[PDB]
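Per the authors' numbering, the sequence shown starts with residue 1, numbered consecutively. Cβ coordinates follow ideal geometry from the N, Cα and C atoms, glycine included.
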Amino acid sequence: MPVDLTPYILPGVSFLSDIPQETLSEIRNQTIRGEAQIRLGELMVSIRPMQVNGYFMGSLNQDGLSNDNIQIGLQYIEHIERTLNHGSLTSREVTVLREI
């Protein structure tokens with residue numbers, strides 16, 4: 001099921017007002033199913049640990065979206081990448097494994 005997470009969304013900023021941590025808990029459990037779809041309102045996101053190269057964190061589903069949905073998406077995604085693993089790693093910290 002696509003668990004929508006938009007109770008405190010400010011559609012235009014990178015930060016969130018304050019997320020229920022109990023939601024991040026349920027996200028981490030459904031990613032183990034192999035996919036977890038999060039809807040940031042209209043912004044479609046897909047958190048899942050694709051076991052080839054990459055941990056489970058903010059991945060914006062750009063399919064079918066518009067330019068603004070990409071932008072508000074990626075600022076909230078870079079937020080979610082840190083929020084899915086609190087103080088563990090950043091986007092680029094994982095990306096360099098693939099990039100080098």
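A straight line joining the alpha-carbon of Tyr-55 with that of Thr-31 spans about 10 Å. Scanning its chain for C-beta atoms nearer than 6 Å, with the 5 sequence neighbours on each side dropped, one finds around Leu-74 the residues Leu-60, in chain order. Minimum Cα-Cα distance from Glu-99 among the listed residues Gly-58, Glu-22, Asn-67, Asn-53 corresponds to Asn-53. Residue pairing by DSSP places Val-45 opposite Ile-38, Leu-60 in a beta bridge. According to the DSSP assignment, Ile-27 belongs to the alpha helix (DSSP H) that extends over 21 to 30.
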